[PDB]
RNA sequence: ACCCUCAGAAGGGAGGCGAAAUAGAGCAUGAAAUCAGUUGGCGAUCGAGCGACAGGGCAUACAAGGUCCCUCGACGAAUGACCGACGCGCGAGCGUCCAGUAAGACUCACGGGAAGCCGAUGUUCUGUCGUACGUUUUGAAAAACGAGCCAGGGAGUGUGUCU
RNA sequence: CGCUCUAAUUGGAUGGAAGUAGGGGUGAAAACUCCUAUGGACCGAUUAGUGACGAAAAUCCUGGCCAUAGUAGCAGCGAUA
RNA sequence: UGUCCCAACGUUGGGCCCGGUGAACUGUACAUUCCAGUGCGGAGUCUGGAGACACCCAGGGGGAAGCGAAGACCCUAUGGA
Ligand SMILES: [Cl-]
Ligand SMILES: [Cl-]
Ligand SMILES: [Cl-]
Ligand SMILES: [Cl-]
Ligand SMILES: [Cl-]
Ligand SMILES: [Cl-]
Ligand SMILES: [Cl-]
Ligand SMILES: [Mg+2]
Ligand SMILES: [Mg+2]
Ligand SMILES: [Mg+2]
Ligand SMILES: [Mg+2]
Ligand SMILES: [Mg+2]
Ligand SMILES: [Mg+2]
Ligand SMILES: [Mg+2]
Ligand SMILES: [Mg+2]
Ligand SMILES: [Mg+2]
Ligand SMILES: [Mg+2]
Ligand SMILES: [Mg+2]
Ligand SMILES: [Mg+2]
Ligand SMILES: [Mg+2]
Ligand SMILES: [Mg+2]
Ligand SMILES: [Mg+2]
Ligand code: NA
Ligand code: NA
Ligand code: NA
Ligand code: NA
Ligand code: NA
Ligand code: NA
Ligand code: NA
Ligand code: NA
Ligand code: NA
Ligand code: NA
Ligand code: NA
Ligand code: NA
Ligand code: NA
Ligand code: NA
Ligand code: NA
Ligand code: NA
């Protein structure tokens, strides 16, 4: 859940802002956002044997 | 904060500085540029006239909207930064003071180097229409002065 | 006043453009030239049309401007500028080291460049720069 | 009283006539800078070469004036590739034992920057006695 | 610490500690954007993808590059004459011979020279070419779309099955 | 070509590592390297591995910063002080 | 009856200069342009010419298909309500 712990949402078009999910006016969740999730992260599930 | 950007021979040099002064960094530029090369004593006289409004400071870089002044020479726009000029009297008052305490003839010392540097802003916020707020800051100026024997 | 022309050319009864062409070619080779008797230079053609062109040039213009000479003086010089890259350094140099005069202020008599002369005996359809200027409204100061 | 670099600073390698000619060719011809397109229009774009990918790229399209595109054809002569401008073939050296096997005629040595002054001194003296040149030598006041 | 200055527990100067205060309090290092002062180049008659490649001016401590300039001579691919002799053409001019000669890029040797001198770097001038970049598109400099600038962040990963 | 950490082999560093600034040399190039200064403790090479491994862009995210500009506002209200 | 012919003068607060305070919109880059032409057919940047010494103050806004809003109209989606 790292980076997914929030209800952030995108205002969409209309304020000259990029469609990025935001909360309290701070972008969140998405990979390109500081504090966002890690696109493709290390995984426990992977077989390293 | 700044450090002297120039080398100064201690046997023939007097130093001084102002720290985090909340004044016009833009006027400082002008004032510094203006008084450079002058004599600490001629410098004080000048600034005191500027404060009196009988002498104007050439505003050569930061001049948008500035009205012309017949007394400026070789240029056209100029004003009378009294606040910034008073801060400069304190600087000079300090340097002529350190000058004397060292045995030199303060007033009669040339202004070898004098430079203002914007060291930051005291941040402020101004409410605006539509429930929005915006910057409303103050610049903090540092200024180095190096007197030198003629 | 005083112009050390390595070459002085007489334009009288000479085809303006053919003179201008050579005068350019020389000035670009570093030659200081002076054109004499501009008012007596000639350009072939049906006078009426010829004047319509030049007259159109005087009338052209706007705030930015289109300054076109009326004196046979400038006429010739502007004709020559058109043959030089006058906005480059080289060209402006070559154009500046050239000068056109009304009549002849020198003592020497100008030379006549080869192939620029017009035989008035076998020619009737042509015009004098001066004639052109009088029509444009210039002040016959010659 | 003056600085003097240690070792055989003046040493030159001995090359066959072909290598020497091929070396002079590389030095004469040279090569384009090969800097990343438009690296000079934006500070965030550094000089490091990157292949223009723009479908409309003026460089990628080979429009004269927009820079050379890295190609094999630009390589330097097999026989001289990698040689110092002097003619020597460099050898990276980290200690005294690295000096073993080095032909002081064909090769010169370059002491890695990490190596300290103490170890440098030893490397520099034994290199000289082996007839090898130190490309980056120490300047001592003599 | 002490002393001078100052309205002053502010600040500044001098001074002290320490290997270092450019380690002096949000105090290791201290990039880019960017700001002050200043140095080099350009500069108040001149034109705009900001450059690439050539070639000139001016500027440059060492170091890590050491070349480069002129006489002559050797070698000399393709290309390749002038003049003069003779013969043609109304003529511009051509043919034969002189001659595949003289010449001919690079490279080299002897002699002489340069150390801001050669390279290189900074800036500027000249020539040639040149209306960003990425994307949308049949067609983009585009009056199509994106970015004020910089730094850091920012997009083929895991399990199972199949081939 | 370059990055992280692992392993084997093998090196450098307070007689000054990394990083940073400016500068010299190599490579067609990704990049490698050296010099000077700053810095003051870590840093590599080869081979085999490893992967939240390479940015100029997404009205991209966060921070910082410049022009805008010493510019607009600090007048307008039946309460003009 | 200043709505108009048809505009005038005056009053007060701004505007303009000075001290102090001090934002924001906007910004790919370059930029002194004009007339034509050309080009994805609506160009400050291409091409040809013309004009153009540099800086600054005020103005009214002709142009930047000016700024502001991923077009509400129209069509398309095996979209939504
Ligand atoms: Cl400011
Ligand atoms: Cl006009
Ligand atoms: Cl021109
Ligand atoms: Cl006739
Ligand atoms: Cl290859
Ligand atoms: Cl050769
Ligand atoms: Cl992939
Ligand atoms: Mg996170
Ligand atoms: Mg004004
Ligand atoms: Mg509110
Ligand atoms: Mg750049
Ligand atoms: Mg620090
Ligand atoms: Mg279309
Ligand atoms: Mg990054
Ligand atoms: Mg090994
Ligand atoms: Mg890309
Ligand atoms: Mg304004
Ligand atoms: Mg009242
Ligand atoms: Mg033009
Ligand atoms: Mg839409
Ligand atoms: Mg509808
Ligand atoms: Mg429905
Ligand atoms: Na939360
Ligand atoms: Na697992
Ligand atoms: Na200005
Ligand atoms: Na005056
Ligand atoms: Na004046
Ligand atoms: Na004619
Ligand atoms: Na006209
Ligand atoms: Na140069
Ligand atoms: Na697109
Ligand atoms: Na494009
Ligand atoms: Na267009
Ligand atoms: Na902004
Ligand atoms: Na990635
Ligand atoms: Na935005
Ligand atoms: Na009225
Ligand atoms: Na307008």
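What follows is calculated from the coordinates using simple rules that are stated; it is not laboratory data. Using ideal geometry, Cβ is built from the backbone for each residue, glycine included, and neighbour counts are taken over all protein chains shown.
Selection within the range C:8-64: residues that are part of a loop (DSSP other than H, G, I, E, B) and farther than 24 Å from residue C:113 by Cβ. The member of this set that is nearest to ligand 6 (Cβ to nearest atom) is C:64.
Checking every residue in the range B:14-35 against the condition of being surrounded by 15 or more Cβ atoms within 10 Å (Cβ to Cβ), over 16 Å from the mean Cα position of the chain (by Cα), away from RNA strand E (no atom under 13 Å from the Cβ) and away from chain D (no Cβ under 14 Å) gives zero matches. Can you name the number of the only condition in (1) exposed (fewer than 15 other Cβ atoms within 10 Å of the Cβ); (2) farther than 24 Å from residue B:132 by Cβ that residue A:13 fails? The single condition residue A:13 does not satisfy is (2). For residue B:2, the criteria (1) touching a strand residue (DSSP E or B) at 6+ places or on another chain (Cβ under 6 Å); (2) under 13 Å from residue B:111 (Cβ atoms) hold in every case but one, which is (2).
Listed here are the residues, each with its yes/no results for (1) surrounded by 13 or more Cβ atoms within 10 Å (Cβ to Cβ); (2) closer than 29 Å to residue C:125 by Cα.
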| position | (1), (2) |
| --- | --- |
| C:1 | no, no |
| C:19 | yes, yes |
| C:27 | yes, no |
| C:56 | no, yes |
| C:75 | yes, yes |
| C:84 | yes, yes |
| C:93 | yes, no |
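Only a single item in (1) within 9 Å of the chain's Cα centre (by Cα); (2) away from RNA strand G (no atom under 16 Å from the Cβ); (3) surrounded by 10 or more Cβ atoms within 10 Å (Cβ to Cβ) is not met by residue A:26, and it is number (1).
Checked against the criterion of being buried (at least 17 other Cβ atoms within 10 Å of the Cβ) and touching a helix residue (DSSP H, G or I) at 6+ places or on another chain (Cβ under 7 Å), the candidates B:84, B:77 yield just one match: B:84. Of the candidates D:101, D:67, the single residue that is part of a loop (DSSP other than H, G, I, E, B), within 27 Å of residue D:138 (Cβ to Cβ), without any contact (Cβ under 8 Å) to a residue 40 or more places away in the chain and out of contact with any helix residue (DSSP H, G or I) (no Cβ under 8 Å at 6 or more places or on another chain) is D:101. Among the listed residues C:67, C:76, C:95, C:3, identify the single one that is closer than 19 Å to residue C:142 by Cα and away from chain D (no Cβ under 14 Å). Result of the check over C:67, C:76, C:95, C:3: C:76.
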